[PDB]
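Colleague: Here we go, the starting part of the complex in its complex frame:
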Amino acid sequence: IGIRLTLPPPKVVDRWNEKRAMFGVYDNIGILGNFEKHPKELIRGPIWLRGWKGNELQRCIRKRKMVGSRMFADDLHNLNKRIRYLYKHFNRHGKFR
Amino acid sequence: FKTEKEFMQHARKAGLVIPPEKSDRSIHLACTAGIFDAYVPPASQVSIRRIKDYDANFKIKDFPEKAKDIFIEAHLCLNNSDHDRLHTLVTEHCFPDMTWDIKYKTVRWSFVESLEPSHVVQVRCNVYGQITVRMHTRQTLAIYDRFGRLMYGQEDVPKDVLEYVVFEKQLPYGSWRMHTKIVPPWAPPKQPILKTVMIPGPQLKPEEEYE
Amino acid sequence: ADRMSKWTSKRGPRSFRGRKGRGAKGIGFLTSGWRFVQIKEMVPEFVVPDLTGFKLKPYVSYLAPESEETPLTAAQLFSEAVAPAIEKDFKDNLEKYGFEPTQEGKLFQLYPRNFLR
Amino acid sequence: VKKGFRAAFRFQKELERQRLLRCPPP
Amino acid sequence: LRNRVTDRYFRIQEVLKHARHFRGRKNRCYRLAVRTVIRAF
Amino acid sequence: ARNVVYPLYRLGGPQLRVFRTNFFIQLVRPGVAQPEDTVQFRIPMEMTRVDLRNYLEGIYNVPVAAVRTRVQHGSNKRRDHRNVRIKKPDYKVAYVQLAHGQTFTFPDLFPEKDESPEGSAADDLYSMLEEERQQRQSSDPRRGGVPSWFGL
Amino acid sequence: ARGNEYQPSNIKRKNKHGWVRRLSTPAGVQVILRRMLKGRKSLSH
Amino acid sequence: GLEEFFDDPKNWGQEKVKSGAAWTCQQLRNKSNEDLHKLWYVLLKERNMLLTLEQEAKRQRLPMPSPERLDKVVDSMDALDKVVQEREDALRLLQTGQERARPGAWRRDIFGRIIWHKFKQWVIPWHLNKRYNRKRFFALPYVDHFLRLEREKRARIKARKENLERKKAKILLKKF
Amino acid sequence: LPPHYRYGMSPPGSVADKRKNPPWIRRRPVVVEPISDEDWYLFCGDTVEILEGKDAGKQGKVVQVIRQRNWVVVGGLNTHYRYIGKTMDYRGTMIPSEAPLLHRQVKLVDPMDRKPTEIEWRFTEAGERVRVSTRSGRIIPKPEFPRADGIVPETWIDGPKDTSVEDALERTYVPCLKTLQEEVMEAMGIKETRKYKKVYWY
């Protein structure tokens, strides 16, 4: 019977956190900071998608090319198998042509 | 099992080598195993100084009026089962001896006024002061079932009880509490219960006969 | 078909159960006719002292005082055993101070351990 | 444990209707 | 399982409250109930 | 000694000498009937027959005459909650048979009856675990289940 | 008839699948090396 | 005599036998090498007594009279084993400067990993030892693939352990 | 003891703990706040005061300190009531058994002011690390416990197998450049005319 019997402990969310009250600051650091920095230089994450958006094939092509020289040995083989699969899916399968 | 000998004789025979281990913490009691000197109902001013040596503000004359409010408030907490209130008025030698038999049944004990004023009889004494006080009061009882049907004593008629309630006090924060209740051998028998009782004889194996 | 149990001497066939023994040290050799010659010098001889009149008992009384741990370093053993015998011959070769470079003629060699325990 | 609150609240109020269909108050 | 269904109990009782007066397992088992509750409607 | 390398012996070398004997020993009561001169020990595995003769005559000064060793196999048939086998360790048993017609009988360590009686006050605590077990006040059946606290 | 294919012997079990025959050839050291990488309790017979 | 394997018969079955403290390591460093040699065969004769009583208590299905004094003599025979070994390693640094008593070298077996190979005593030199020459202490070009995979498998276990440790410290600052 | 073992009022190898913590239980770990090994200030014997729950405002001594759960077991206080001696037909006797208190719910008490005070571990010019209260600069000494074992260091008589203080401290060590092997061989007096022929180590 997949439904819980006691109602869960209450989710207390501080809306005036440090990360919440100062969220969004310096997203316009270009257009009113004399264009020294782009806002794409403000995003922190992986190296291969710091300022770049693609589908799943274009992400694995970019991950193999940018950071794939220093990837682990069976993480590179799991990535090469994924590009070998997503090539065949996007180019040979599907409804529209 | 039945005893502590029969457990160790079975723990030895089963191979259960259980190690008697040493611990720094001991069981910190607050009562005694019964009465120090058993008063027998038909000079102890040493024990009133040994009480006054640790307490230093205590009058033997005031105490029978204190003894009534310990006795009366302990017995009114049986009508509601306020076990957190019995634990400050009744020592843990007396609390299982007035609550274990009365669980899952309701009592309607009620105090009407006494006949004789209470008076202290004897005083005795990690040290436990002990005061016996005689009570000649007037009480009613009505003990019931789980099902609410009367099993002992009528509710309106007040009865006459003669009581010698030994009191006790641990001597840093404890107070005077009920410890036990002396029942003499020459006491008249209690009120007969409302139902009839059968008592079985020996349960005989076929080889054993009745002699 | 068993894999995980420790391969002891109880496990193989007859030619297997003879060759492997438990951790006992060899003493002699076998010659022709499978006859074992026990070498007397390979047997470890227990150098036991005499305990008569000895006054150290296996426990220490609890009235004994406590101290601080100083492991015997090589500098401390030098400073007690050698350094005063240096100074008495300095105010007036090193093999006269217990220093021995080569230990080929020595019975209890220190490196590598020629003794037991 | 399925995360969420809105389904655990509704079941708490369907239990309280069944607690009055099993034991109706005076 | 990022978001799986937490309220599937109440979707079953939308159907099973109409089947309470049936026979057999049509009043209990949901798979047998919807083919009769639809057919009862 | 055990868990050490032994110095190698070439032909014509010095005597091998142990100075601080590493290994323990323990003599056991035999589970079967045995002769009056045979003492049974529990030898650590790497300790030979002749190393026990020099152990006992050297440390304890007893007249050992015949030593006979055997290896006991501890069972690997008992399992955890993880269903992994728990090996009771193997131990070498040795039967030391004494010389000059001597005779050893294993002593009665732990005499079963100490003075006369059961128990009282070994070290407060066990007082209430006895003086209410003789002050039990077993329930009189004539009362029929009524609580016996009230003096009424 | 069938099913009793295993006729055990400890000489032959050590001579085919023991630790010595694994490291006797370069293709069998990789057999040990895949056991240790997987984390097996027993790497050989 | 075999009576030394048991204690005094007035201690038989008293279920509490009094015993002093164990020998600490600092008290043994004041005694000579002859006296630690003589103390060792006092503690060994006591350790055989208490191990005898340990097996006899298990055979008699009873606890120990005092199981605290067995772990004292074990403590005194590791401290005495540590003091004599300290004067062993200190004299090794003076007479020859070596750190370990047994020779050895850092070698690299067929599985490519760096082991410390402790040397054994032989009689013939190594180049004509038939059994020693079958033991290969080099790794071939097929091992470096499995050397990388074991390095990354150790790297994953380490990065899991570091990451989990920070996730618990964020729970602690939440809860307090 | 396995990892994520749950500490309790019983010692971790007792037969009453092996019933509660058998080797297969995976219970939720208790999150305790990590006190440093030098930051802890309540010891076995300290005069403390209880803040929350039953017996609030009472002062007592500390019998146990279970450091793995930040507990203090005050003696005779914060008690519930349990029975021991329960056999097949006897009910057992009633005992006030005490509950542990977290260190947030217990404050140290000055032995002069008799008030719950805060504690700073001020270094002093004689004593290197002594608790000092905040309301007044009174040092609170690390008090005396009973012991660790049944030792009672003041009352100790030796037996025939315990050595005296004079034998335990007599410095017989004359340090030289000989081993224990080479010093016993000259005290016992064994000769060896044979020399050790050189073996190969490889």
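Modeller: Looks like it arrived, so ask away. Numbers count the residues shown, from 1 in each chain, chains lettered A, B, ... in the order given.
Colleague: Point me to the residue of chain C nearest chain A.
Modeller: Residue nearest to chain A within chain C (C-beta to the nearest C-beta): residue C:3, separated by 26.9 Å. Where you see a C-beta, it was placed from the backbone N, CA and C, and this is true even at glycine.
Colleague: correct me, but that residue touches residue G:35?
Modeller: No. Residue C:3 is beyond contact range of residue G:35, at 11.6 Å (criterion: C-beta atoms under 8 Å).
Colleague: where do the contact lists of these two overlap?
Modeller: Both residue C:3 and residue G:35 are contacted by residue G:42, under the criterion C-beta atoms under 8 Å, 6 or more residues apart in numbering or on different chains.
Colleague: Of those two, which one has the most company?
Modeller: Here residue C:3 and residue G:35 are compared on neighbour count by other C-beta atoms under 10 Å in any protein chain shown; more neighbours surround residue G:35, at 15 against 12.
Colleague: residues contacting the most centrally placed residue in chain F?
Modeller: When C-alpha atoms, centre = their mean is applied to chain F, the residue found nearest the centroid is residue F:28 (6.5 Å). Contact analysis of residue F:28 by C-beta under 8 Å, 6+ apart lists F:40, F:41, F:42, F:93, H:52, H:55, H:56, H:59.
Colleague: could you say which helix or strand contains the third one?
Modeller: Translated: residue F:42. strand F:38-43 (DSSP states H and E).
Colleague: Next: the fifth one.
Modeller: According to DSSP H and E, residue H:52 maps onto helix H:33-59.
Colleague: Packing partners of that helix?
Modeller: strand F:27-28, helix H:70-95, helix I:180-187 (3 or more C-beta pairs under 8 Å, 6 or more residues apart in numbering or on different chains; DSSP states H and E).
Colleague: So what are the sheet partners of the very next helix or strand once past the second one and their directions?
Modeller: Think helix H:70-95. Next helix or strand after helix H:70-95 toward the C-terminus (DSSP H and E): strand H:104-108. Strand H:104-108 has these partner strands in its sheet, going by DSSP bridges: strand H:114-118 (antiparallel).
Colleague: include RNA strand J too:
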RNA sequence: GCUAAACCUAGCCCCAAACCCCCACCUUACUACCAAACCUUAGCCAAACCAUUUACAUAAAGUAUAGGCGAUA
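Modeller: So, slotting RNA strand J in with the rest:
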């Protein structure tokens, strides 16, 4: 009212940073001790068969070129 139900923290995933780690054991591994490594990947699959062929920072650019000039590269 039985059977059961429910639970939340074990742990994990993805990134960023920072380059990781006494004794016995290659003989029958866990056994104290005796007279020689390097040499193209292939094929599925795509071409609707198959046979040459078929992928393994941004921008120039899917451009020049290649190709049963065809799939595609």
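Colleague: What packs on helix H:33-59 with RNA strand J there, same question as before?
Modeller: On a contact count with 3+ C-beta pairs under 8 Å, 6+ apart, helix H:33-59 meets strand F:27-28, helix H:70-95, helix I:180-187.
Colleague: give me that answer again for 6 Å
Modeller: When contacts are defined as 3 or more C-beta pairs under 6 Å, 6 or more residues apart in numbering or on different chains; DSSP states H and E, helix H:33-59 sits against helix H:70-95, helix I:180-187.
Colleague: Only the buried residues of it, if you could.
Modeller: Using 16 or more other C-beta atoms under 10 Å in any protein chain shown as the test for burial, helix H:33-59 gives H:33-53, H:56-57.
Colleague: quick one, longest helix in chain A?
Modeller: If you go by DSSP state H, chain A has its longest helix at helix A:73-92.
Colleague: how about that helix, does it reach RNA strand J?
Modeller: Yes. Contact of helix A:73-92 with RNA strand J (C-beta under 7 Å from any atom of the strand) involves A:75, A:80, A:83, A:84, A:87, A:88, A:91, A:92.
Colleague: could you dump the helices and strands packed on helix H:33-59 to JSON lines with mean neighbour count?
Modeller: JSON lines is the format used below for the helices and strands packed on helix H:33-59 (neighbours: other C-beta atoms under 10 Å in any protein chain shown):
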{"stretch": "helix H:70-95", "mean neighbour count": "18"}
{"stretch": "helix I:180-187", "mean neighbour count": "18"}
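Colleague: Now render those helices as CSV, adding distance to chain G.
Modeller: Putting the helices and strands packed on helix H:33-59 into CSV (distance: least, C-beta to the nearest C-beta, whole Å) gives the following:
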stretch, distance to chain G
helix H:70-95, 31
helix I:180-187, 38
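Colleague: To chain E, which of those lies closest?
Modeller: It's helix H:70-95; of the helices and strands packed on helix H:33-59, that one is closest to chain E (C-beta to the nearest C-beta) at 52.4 Å.
Colleague: hang on, the earlier thing: quick one, which of the helices and strands packed on helix H:33-59 gets closest to residue B:18.
Modeller: Closest of the helices and strands packed on helix H:33-59 to residue B:18 is helix H:70-95, at 17.9 Å (criterion: C-beta to C-beta).
Colleague: let's bring in RNA strand K now:
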RNA sequence: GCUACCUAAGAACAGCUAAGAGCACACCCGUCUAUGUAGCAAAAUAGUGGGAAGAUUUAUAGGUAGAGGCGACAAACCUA
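Modeller: Now RNA strand K, sitting on the chains shown earlier:
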């Protein structure tokens, strides 16, 4: 480690009639029938039958490996 063949060094074969002889045990094989068919058995049991001093059966250790091995060719057998 079953099995096909080989190698090494072993072993086994009563009794009766007179040679890859006959009758016949142990042994090996499996003609025919019946039971069994989630069975005792992922090929067995009971009766019957073929050989049983040989091109025999068999214990042990070794050898040949899948683009192959082995094969008194059944395109058999090479861990159901």
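Colleague: With RNA strand K now part of the structure, what is the answer for what packs on helix H:33-59?
Modeller: Where contact means 3+ C-beta pairs under 6 Å, 6+ apart, helix H:33-59 is packed against helix H:70-95, helix I:180-187.
Colleague: for chain D, what spans make up the strands?
Modeller: Here chain D has no strands by DSSP state E.
Colleague: do chain F as well
Modeller: F:17-18, F:27-28, F:38-43, F:64-72, F:91-98.
Colleague: Now render the helices and strands packed on helix H:33-59 as JSON lines, adding distance to chain A.
Modeller: Converted to JSON lines, those look like this (distance: least, C-beta to the nearest C-beta, whole Å):
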{"stretch": "helix H:70-95", "distance to chain A": "43"}
{"stretch": "helix I:180-187", "distance to chain A": "53"}
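Colleague: Excluding sequence neighbours, find me the nearest residue to the residue in chain B that chain F sits nearest to.
Modeller: Per C-beta to the nearest C-beta, residue B:101 is where chain B lies closest to chain F, at 3.6 Å. Once flanking residues are discounted, residue B:101 sits nearest to residue F:147: 3.6 Å by C-beta to C-beta, 6 or more residues apart in numbering or on different chains.
Colleague: Hmm, the one you found is touching residue B:100, no?
Modeller: No. Using C-beta atoms under 6 Å, residue F:147 makes no contact with residue B:100, being 8.4 Å away.
Colleague: name the element the closest residue to residue A:86 other than its chain neighbours belongs to?
Modeller: In this structure, residue A:86 finds its nearest non-sequential neighbour in residue A:57, 4.4 Å apart by C-beta to C-beta, 6+ apart. Applying DSSP H and E as the criterion places residue A:57 in helix A:56-66.
Colleague: mind checking how far that helix is from the chain centre?
Modeller: Distance of helix A:56-66 from the chain centroid (C-alpha atoms, centre = their mean, to the nearest Å) equals 12 Å.
Colleague: buried sites along it?
Modeller: A:57, A:59, A:60, A:61, A:62, A:63, A:64.
Colleague: OK, contacts around residue G:23?
Modeller: In this structure, residue G:23 makes contact with G:29, H:110, judged by C-beta atoms under 6 Å, 6 or more residues apart in numbering or on different chains.
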